[PDB]
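Chains as they are written, first to last, in UniProt numbering: chain A, 7 to 207, 222 to 350; chain B, 7 to 207, 222 to 350; chain C, 7 to 207, 222 to 350; chain D, 7 to 207, 222 to 350; chain E, 7 to 207, 222 to 350; chain F, 7 to 207, 222 to 350.
Read the structure below first, then the notes.
Protein chains: 6
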Amino acid sequence: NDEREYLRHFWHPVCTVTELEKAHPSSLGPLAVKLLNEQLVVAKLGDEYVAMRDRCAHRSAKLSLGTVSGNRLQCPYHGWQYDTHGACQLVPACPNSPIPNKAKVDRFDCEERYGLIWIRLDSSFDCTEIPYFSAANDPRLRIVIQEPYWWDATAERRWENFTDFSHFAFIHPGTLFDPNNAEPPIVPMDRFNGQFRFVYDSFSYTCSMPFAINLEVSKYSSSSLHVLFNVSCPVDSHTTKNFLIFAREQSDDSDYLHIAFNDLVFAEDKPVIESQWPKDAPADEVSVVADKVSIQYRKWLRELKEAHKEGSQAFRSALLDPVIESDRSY
Amino acid sequence: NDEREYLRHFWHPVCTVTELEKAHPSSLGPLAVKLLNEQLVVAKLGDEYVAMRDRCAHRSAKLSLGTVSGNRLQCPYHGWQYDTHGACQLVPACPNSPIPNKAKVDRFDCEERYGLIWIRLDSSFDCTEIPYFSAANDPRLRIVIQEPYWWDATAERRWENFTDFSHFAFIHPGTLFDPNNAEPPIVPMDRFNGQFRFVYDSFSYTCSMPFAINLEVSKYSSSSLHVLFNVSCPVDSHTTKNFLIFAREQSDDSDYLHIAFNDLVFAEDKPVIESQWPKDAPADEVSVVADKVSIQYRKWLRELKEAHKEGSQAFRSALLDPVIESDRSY
Amino acid sequence: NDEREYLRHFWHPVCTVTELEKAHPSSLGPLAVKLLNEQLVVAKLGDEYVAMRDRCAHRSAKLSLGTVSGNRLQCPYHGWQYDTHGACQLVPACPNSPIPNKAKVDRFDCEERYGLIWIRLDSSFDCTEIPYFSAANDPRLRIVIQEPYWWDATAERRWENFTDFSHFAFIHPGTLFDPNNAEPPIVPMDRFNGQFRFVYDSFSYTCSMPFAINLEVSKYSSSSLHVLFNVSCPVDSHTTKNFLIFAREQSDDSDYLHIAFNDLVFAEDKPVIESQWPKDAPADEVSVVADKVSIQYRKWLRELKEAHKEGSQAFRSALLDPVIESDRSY
Amino acid sequence: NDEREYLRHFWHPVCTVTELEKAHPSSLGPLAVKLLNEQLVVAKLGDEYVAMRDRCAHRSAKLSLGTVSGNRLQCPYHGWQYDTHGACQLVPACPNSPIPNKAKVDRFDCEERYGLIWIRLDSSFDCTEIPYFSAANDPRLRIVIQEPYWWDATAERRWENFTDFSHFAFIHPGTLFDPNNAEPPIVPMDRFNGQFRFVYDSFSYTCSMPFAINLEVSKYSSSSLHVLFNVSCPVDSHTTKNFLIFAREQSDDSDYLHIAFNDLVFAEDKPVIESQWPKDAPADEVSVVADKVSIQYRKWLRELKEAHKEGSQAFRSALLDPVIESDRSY
Amino acid sequence: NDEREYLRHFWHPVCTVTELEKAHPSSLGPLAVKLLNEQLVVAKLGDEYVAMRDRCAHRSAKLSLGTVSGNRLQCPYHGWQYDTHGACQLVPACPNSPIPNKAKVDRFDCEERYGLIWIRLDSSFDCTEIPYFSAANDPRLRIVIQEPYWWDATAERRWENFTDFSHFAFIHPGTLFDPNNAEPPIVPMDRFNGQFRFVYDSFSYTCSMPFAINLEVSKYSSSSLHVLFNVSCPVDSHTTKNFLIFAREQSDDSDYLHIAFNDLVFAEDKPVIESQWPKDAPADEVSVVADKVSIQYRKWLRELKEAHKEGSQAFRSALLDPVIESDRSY
Amino acid sequence: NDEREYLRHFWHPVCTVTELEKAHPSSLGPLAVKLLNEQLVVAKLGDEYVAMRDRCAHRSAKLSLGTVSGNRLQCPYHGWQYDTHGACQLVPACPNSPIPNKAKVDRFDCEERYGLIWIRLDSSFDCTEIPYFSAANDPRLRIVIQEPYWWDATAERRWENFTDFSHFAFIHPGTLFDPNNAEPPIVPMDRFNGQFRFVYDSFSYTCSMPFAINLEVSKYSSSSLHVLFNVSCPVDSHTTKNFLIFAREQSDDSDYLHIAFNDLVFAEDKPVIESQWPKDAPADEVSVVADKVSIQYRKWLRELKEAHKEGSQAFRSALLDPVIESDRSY
Ligand code: FES
Ligand code: FES
Ligand code: FES
Ligand code: FES
Ligand code: FES
Ligand code: FES
Ligand SMILES: [Fe+3]
Ligand SMILES: [Fe+3]
Ligand SMILES: [Fe+3]
Ligand SMILES: [Fe+3]
Ligand SMILES: [Fe+3]
Ligand SMILES: [Fe+3]
């Protein structure tokens, strides 16, 4: 249902690498996944992470109950095998007949990065990249990948909560609220290279549109820096599979000191954000000046929506044209 | 859809008072309630039981997850606070900024009586009143408020089961059937003051429309009184939250003796009334002579539903115009 | 919804006889059954098994919560009695007044055979008959009736699964796959007397349309016959209630030896056939040559569907007209 | 613990035959049974039903997790095979070396009768036999074997419950109590051939000691006989596994008509008999005159207990010596 | 097991009055209860709360599954009736025989007070009274009786927690810890009339030995007073059924404002107190000067233990001899 | 009782390091653990993994419910704090009073190695060391620490299952059985340095007594290594917490490929080893030639158990004295 069609051009994370390896005893998958209400299967065929529609072209069985055979995905029902382009190469019942030309299942751009598996459902605008994680490569940093966490909220609403400042005092009094710096500021926001960028005082955001946040917290550079990377998988209209990867300089402490803390603040948000109805933000919400980030976010998604209808070039401009508001130089 | 629109003009019970006090440790509420598919929140602000739509005007969190602070209801997300008129009176993020005029939520007529909280969603026709309970104030009687009991059944069908005389022999054979009173009488039924009134020998029904039933019983076992006040709340298309208050003259025995008995009668009804399908009674049900109470009630509802269409006064007339069939005065 | 209407003309099994006896302590029933999204009640009235809409004419209660009384079915709410023709013959509340002419509930052809209760919702074409079980009569044979097994898949897909050959190697490797007889044959299929007939080499299939299969196996081991009779009740758009009656001539062994093995092959099919989506076979399924039985079955159903809209005798032609493709005498 | 040792000399039922067949997909078993706090395994070896300690000689694994292999039982751990005499005849790890003389597990008299598997743990007295079911042979009769029902009560208390008369009015008011035959008779009891015999007026009891009851009912309605055969497996100190086989000559009705009614009377007994504490009847129980059957049963058990410590032929006397109290010919 | 024998002379609460009325639809009971490992049944026979051993003298069935008939308790098995002295008065099976003299079940002192039902298992020292609740009678005070709450701890350990001062800072930081008055004092303790008495600054304890606490909190008499009455039922060696009744002057607020708060502080204690092992305080616990109350408590229980062995007069002295430590005059 | 007393002199693993870090959000612990029926608490105080009895010296709360504060473990009840020696260093209630000398809890030898935490309950014989893991430090190998897996089985029987050669054909037929290596060899077994050593062709076992097993495998499938280190922890009379660490040379594949495989092997063992009864192997088990490893191990344990009785040095000798059967050097 096509108010969300523009979302198909972006790269979305569907599972962790370790979720795929855990899925089937072979460690190759297949793993079933759902993205923007599409039912897909992921599997490692050879050296490629391949993503096809989880529906076989023959009698419509789910390839995710199949098995990986060599470099192919084998349907569990009558054993057809599919190659990295989703084409059937073996029909065991008539191995000497021709393979019908329609014996084919849709395939989607599937690439690994940062420890997660990303899928891009519609490549026809050739102008979106996998979101940016600042801490990959940086060898001073230890990187932990938390289990995915699922919310009954939309990627847009989850996004907005992660970049929200006004809510600390009420949802996170014990864990995030700084009573001396109690009231949030207004900050300039830049569009650059498909990302939103803004800073605090020091927290620095690089939000690859639509659903990814890259938050670099430094302790006025004195101590040492901490990076949060949080991206929402729009599973369906009501649901998100949410991924948090975090990196830290100070690696001497326990990973589960941080994992529990993150876990805690997410548990504080979840019941509120899930309560918001209607699940998608209607046009009768009343804002005030602290909501700059949420408004600017919605402004740009609307433009990306309209730009999409106009077509490829319009969308490329909408996404990548810079819109600088601050003094920082690019 | 809006075939139930007329029902919004009546007072409906949403919860017992204890339910609201129990809902949150402050004993002030808030408590969430569903009335005719509407999501509402109920709270004690100062001296008032207040009812609002359970949806914040900022970013649409459920206020039922919030907390009562002072004489206002404070949202869980960013702590906007709403007064007894549903107007925001504090935006914690910009305390030195003026509150938007649209920063308000719908408020509803909300009044406590008999130990229950009543809400009127539409007050425009200004002509409905909270059902009549005969045993309030009468200091000779001991009143008990059972816990709400829920049925997968509509308020109309719950009402028809309660005033039905024909089911005693079959659903309640060992608890309410009188062997040599096995065939039900046809009875005069008057409309007075927006109530149905009729008796049976005694059993004296005073049913404030649409969903309340007040049954006084001058026992053939006592020469002393016993009173059943039952009111169905239509929470949605398929289910009711049902309330039972009963008073008794012979107040010397255990409350639970009668509570257990009522609970058993309802247990005998419940499966059968839930089995009735469609949930709303269609035109092809075939009534008989002994269904006089069923018929008059469907007739009055149908008239009231029509009157609602033709506007305020035609409704006030269909409710309040008297119609006498028996030989009593009023 | 008129897409499945032609199926109402066939006899469908809804329950075993032992199901009807177990369903109520009388052993006469009533038992609630669902067929083609119709809610029905079955009860034993005298010497007849009769079937009615499980919805009482009076106030729409479910007669399946009622009791059998002599030779009628008694609604649990107000006690109306319905005879074998679905006619109300007693109304307790006015046992003298005349019973209305609308005091009837629809009655459906219902007759027991093979230990199953079969229902024909539409009899206006008068050309359909209960499926053919080869092994009734045959006193050389022991007949076990397995308990109904439910799947989340449609009767057609269930059917195509039962008659499939290509799948043995992949979902039944250790239970049905013969490595010698590893690749599937294409074999003549006859239409005779409304049944599909075809044979293997020694497996003889007789398939009373649409959802019944009678398979005779003259195993390559001795002179010891085996018959499997499998038939799918289409209870709604997504689910089947399936029955299996099996007969064997080597009958000195335990029934549970064959029940376990039967159950195991069904356990292997189930997750896969259930996985198939959409539940109903769409036009974009790619067949190969080995799918002959599938494609001929689907083609015959289509003729039966479109014969139905023509009228009575067009259907009877499409169903019963012989169409023989092999050299066998009928 | 030597308080219950005399019971090891009787045949006790441990499972139905259909239990043994259902317990493993071969239908040969093995099935684990518990009797008099002994853990046993039952399996079908060729034409014999054999019973062994469910504890393998080698490393003490449970043979009930094993498989039947030809005419032996195969331990699941290291594959030792035991024959009908409980002797190991194969040791895979050294199939040439001599099998030790201790490579044996205890074997117990085990023979099928009436559709049940019966076990005699001690055969050294050679004077006990499987209880007497009156209705085997009788081709006028249909014999139903109900599924075993478990109670948390001892076999004696189960027994005294079955033969009780005073309780009908209070736990079976609506199912067995006759208000005409309201008060219980005292009736002669004979000991003959190791059974208690007594009759009512038309109920004839034959009770093969200790825990079996054969009750024949020539009802006051016509010439239609009914037999109930009930027997308690003492599985430990606190619990019974009880069996009921029932036969009827009026056999045109459903089995489930009698199974439900049977089950209902047992449902009524169960909570009460289970409530009795201590589970074993202490000396301070106060009888009245109507407890004749109870007191004679308990007295006979005591003689059987103390005859046991004397030795073989003292027991056989106490058990089999006739002791007739009525005027009937044996 | 007889380290706890002295406890049988005290009055113990076993249930609330409303627990007895809820237990059976008659509102008369019977209700089963367990005290110091004794299995008892409570029932209202006439105007008396009667308590007997929950074991019938005939065949050992539990009278708690019976019913109250007139002024008697009727066993559920064979219908014997027991009067307020535990004597059988009716044997329905031989209504014209003599009633055996042993047809009797033990009866125990059973009296209601404060809304609870108290049982005294051993009256032979005639020198213990039901604990003292300061707020009964006082008409300025509203009295609420919370549902009983069960802990896996002993009455002695639960007692000591309720009178503990040192633990606020750690188990109740959010709810009871007063940071300005952070460290506990040492207070003089008096023995008077079987009660311990001590005060704070103002909290005033009157602990009727062994297991009852009566805590009067006044707000330096300025505002208004609040009374907590908490008593532990020593169910068995590991378990307590705990009763809290509380009274307040200020009755204008919700009962469930206090009930939730109490509930909260109990939830804070429960997992700690349950963790203490061994469950009974062994002789190797190390005390410090803040533990005066716990030591003095243990000193007196030991003396009551020894006094009991010496006999009645010794015990009466131990319990009632005054031992004044403060200046207050008696 | 103290037949397992000798086991207290060995180092035993109680938890993985992550288990301790995960146990409480601080990542410092505490974590409760049971070792040989002893209740202990483990925490990271400063630089040390500390193990104490999980029982406060004040009033016996479990310190595992407490929190780590500074370099001490703080009790949940009154907040006594214990240093790395189990001595209380702070009594919050009387900070200006001296701490009692008996205010201390038993402390135990506690050391981290290989990612597990080891405890030695008795250090008096000072002659045991933490088991040997061959693949620590070897930088060519990738080490994985599985989650602890629990078995209702003793450490002795778990060990015997792991070194057993005779069960492959039966418990693991499709996962570890080699068809033409179906009969197990008898092998030389040496005692060195308190370890059993033996090989099989290769498979090289190094089993530090009593419960550790270090198995190196130079594959016949690779010419590269794979290492299994398995150690059972006896938590009580009937159960074990089992640890598996494995290293591999070919580190290029998914950890989960092997994790899933190990988990499947254990799944095949588990039911069978749990079925073994009695839990501790009695003298009447009949061993055969192929049980050489079983026999030598029971022999060495029995000797060690005896040596413990005769004192420190006789034990140190029975553990450490070498005994060579093969032709290798050491
Ligand atoms: S469905 Fe995939 S092979 Fe038939
Ligand atoms: S959503 Fe309610 S205050 Fe922001
Ligand atoms: S609804 Fe069936 S009898 Fe009235
Ligand atoms: S334990 Fe039974 S074969 Fe070894
Ligand atoms: S047990 Fe109480 S009457 Fe028989
Ligand atoms: S019990 Fe641990 S500090 Fe008191
Ligand atoms: Fe947040
Ligand atoms: Fe009713
Ligand atoms: Fe199949
Ligand atoms: Fe009975
Ligand atoms: Fe406390
Ligand atoms: Fe193994």
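C-beta: ideal position from N, C-alpha, C; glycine also.
Residue i, DSSP secondary structure in three states
i: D115(C); result: strand
i: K329(A); result: helix
i: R203(D); result: strand
i: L34(E); result: coil
i: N7(E); result: coil
i: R146(E); result: coil
i: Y138(A); result: coil
Cβ-Cβ separation, residue j to residue i (assumed contact under 8 angstroms), whole Å
i: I123(A); j: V48(A); result: 6 angstroms
i: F249(C); j: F266(C); result: 7 angstroms
Buried versus exposed, by CB contacts within 10 Å (16 or more), residue i
i: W297(E); result: exposed
i: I233(F); result: buried
i: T181(B); result: exposed
i: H91(E); result: exposed
i: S295(B); result: buried
i: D53(A); result: exposed
Residues near residue i in its chain [Cβ-Cβ closer than 7 angstroms; skip 5 each side]
i: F223(B); result: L235 and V237
i: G85(B); result: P98
Contacting residues, own chain, Cβ-Cβ under 6 angstroms from residue i (five flanking each side not counted)
i: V150(B); result: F266 and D275
Same chain only: Cβ atoms within 8 angstroms of residue i, ignoring 5 sequence neighbours per side
i: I192(B); result: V309, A310 and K312
i: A161(C); result: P230, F231, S252, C253, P254 and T260
i: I279(C); result: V150 and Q152
Please name the residues in the stretch 20-33 of chain A whose beta-carbon is closer than 8 angstroms to at least one beta-carbon of chain F, in chain order.
-> Listed in chain order, the positions of the stretch 20-33 of chain A with a beta carbon within less than 8 angstroms of a beta carbon of chain F are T24, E27, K28, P31, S32 and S33.
Identify each residue in the stretch 267-295 of chain E for which the Cβ-Cβ distance to at least one residue of chain B is less than 8 angstroms, and report them in chain order.
-> Here the close residues are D273, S274, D275, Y276, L277, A280, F281 and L284.
Could you run through the stretch 299-326 of chain E and flag, in chain order, every residue whose CB is less than 7 angstroms away from some CB of chain F?
-> Answer set for the stretch 299-326 of chain E: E305, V306, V308, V309 and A310.
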